[PDB]
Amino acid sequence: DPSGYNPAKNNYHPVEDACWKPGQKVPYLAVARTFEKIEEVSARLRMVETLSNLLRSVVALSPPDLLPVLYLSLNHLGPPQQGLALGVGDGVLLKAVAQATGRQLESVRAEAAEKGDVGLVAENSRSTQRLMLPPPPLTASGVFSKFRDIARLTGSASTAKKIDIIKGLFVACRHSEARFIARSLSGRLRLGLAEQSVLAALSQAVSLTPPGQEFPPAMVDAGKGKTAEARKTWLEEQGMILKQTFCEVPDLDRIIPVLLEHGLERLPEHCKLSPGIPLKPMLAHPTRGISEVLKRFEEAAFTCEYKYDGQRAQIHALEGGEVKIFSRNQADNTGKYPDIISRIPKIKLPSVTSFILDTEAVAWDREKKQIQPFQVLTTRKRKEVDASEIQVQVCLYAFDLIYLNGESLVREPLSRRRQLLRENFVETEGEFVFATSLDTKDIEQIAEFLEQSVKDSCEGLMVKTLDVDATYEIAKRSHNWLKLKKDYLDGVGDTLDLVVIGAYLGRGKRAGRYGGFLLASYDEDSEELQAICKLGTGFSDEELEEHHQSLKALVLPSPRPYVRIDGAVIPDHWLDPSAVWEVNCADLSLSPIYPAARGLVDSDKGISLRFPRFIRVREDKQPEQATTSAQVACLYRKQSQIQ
């Protein structure tokens, strides 16, 4: 009985402790009970083993259901390069809950905001749907198929057809299924277990219970013959095999069939990096100063590069001439850049047959020959576009080469990857140039280079080692680069003091308290408080709780007449304007919804804050002494990318 399924017990037997016979469709309640055990605990090692116990039963009993269970665990619809999206958020989901329960739409919405979780609302609610015959139980493969049916619905009356499928899943839900069905559609499973733990559990499962055995499986625990140390070392080595293969081929549709046929030890023989298949990109960790760079990169030689304010473009050139461009989320952006594809012959030497370039697509003004801000880049059409209709030109800033002429450069150091990039590729001003770099260890040269990058319309500096731990192996370390921005440096930057005028009820980890706040600057001329941005990060859990304690005494039934928010989200609790906080941000943007400093730089648009975070409470200041809207306008114009 899947209701009593306990994949977190001691001495879990993949065959006998399961809740379905061999060859049967894996019941979705087995996935739901697994999700229950995972969210109860907080140690990743316990979560991985609990999920591994489920996958071992799937491997031993119903191998065809391995893929949908893995996707349901990740809450994904398929490979990222296929661009499958549900099209369902909280708006559609809360409507499907109301129709399924006969409740008012706002009653469900208010309860969802109060409880901070939509899945809890769908669970305690009472179904108003009557069925002539009791529905069959949900299966993991059937539920996963319905999700892809919802994602496949487009056109007129799509919402009603999506809602019907969601309501069809709810009438067949048993026990905790409705809770996790709603969370999946809401996109907030709240497991504490994501892509890294799903892979860790997959490699542990296929290692302890090897696939491809005749039933019943002869080897059910391949680690019982090993010591605790030998078992740990072996499982860790098996985990790296899967992690590095998935880092180069993040496609479960390609790995899982190979895995069930040739095992994990022979997986690299059948799944290899190749152009046309997106790869996991290299990420960066923040650095709070030039001194910390030399500390993290002690002894090792590194290079400083401009950090361009654009969108990452992973450009693949296949053997044959086909070109594909992927985002850093492995989304296919080929149709977005007809101009880049036209430019490919201009960037490579005639000996270059195939490559994978790591570049930054930046909006480029061809009349003035200068970089344009990130907001200009986002105005480009996203769907299939034609090159003749392009209005915002892009310039590619290449900084790495991952693949060259049938050979992978993943395990080559950056010094060689960079050398191969600049030997085989041709620069063109305003179209394809190599990222501005500086090889140095001097603190004053790095400081001057950081100031020069901001003056040259860039966010700051990227710092990468050249020879020591300088490979492109994401499984070794996904954040092996360093980023140095001015807003990271203590004292070297501008911060704003804004008034808290509203609060937003928190979700998930913030459930039961405030998850966000609405901030405002003081407009001197109109003597009003103008909403500038929302704030929801920068404070500790202890600080957030004290914010929730004191601000509850400031809850107003209706807003004060001198508070202007315009198009901003109406706060859940209006707050009497009293608390003033210091806020840090990366940039100031021209906002389509916030009224702060409207008319001071633009007649229609106001100003907002890019990447805002809470620093400290300013008990010394009252709302009259907050940062003025005129000062907000001054800070916006002092930016290099702005007139």
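All residue numbers refer to positions in the sequence shown, first residue = 1.
Colleague: Check the entry's C-alpha temperature factors for 131 to 139 and 306 to 314, then say which stretch has the higher mean.
Modeller: Result of the comparison: 131 to 139.
Colleague: Select between 517 to 525 and 542 to 550 the stretch whose C-alpha atoms have the higher average B-factor in the entry.
Modeller: Mean C-alpha B-factor is greater for 542 to 550.
Colleague: What's the residue among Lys280, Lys295, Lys534, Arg507 with the greatest CA temperature factor in the PDB record?
Modeller: Among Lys280, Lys295, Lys534, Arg507, the highest C-alpha B-factor in the entry belongs to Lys295.
Colleague: Comparing recorded Cα B-factors across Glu261, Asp400, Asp332, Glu236, which one is largest?
Modeller: In the PDB entry, the greatest C-alpha B-factor among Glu261, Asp400, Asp332, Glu236 is found at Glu261.
Colleague: Just say lowest, middle or highest third for the CA B-factor of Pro577 relative to the other modelled residues in its chain.
Modeller: As the PDB entry reports it, the C-alpha B-factor of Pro577 lands in the highest third of its chain.
Colleague: Ranking the modelled residues of this chain by C-alpha B-factor as given in the entry, is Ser589 in the lowest, middle or highest third?
Modeller: Its C-alpha B-factor, which the entry lists for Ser589, ranks in the lowest third among residues of this chain.
Colleague: Looking at the entry's B-factor column for C-alpha atoms only, identify whether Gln104 ranks in the lowest, middle or highest third of its chain.
Modeller: CA B-factor rank for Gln104: highest third.
Colleague: Please place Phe170 in the lowest, middle or highest third of its chain by C-alpha B factor as given in the entry.
Modeller: Tercile = middle for this residue's CA B-factor.
Colleague: What third of the chain, by the recorded C-alpha B-factor, contains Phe246?
Modeller: Lowest third - that is where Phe246 ends up once the chain's C-alpha B-factors are sorted.
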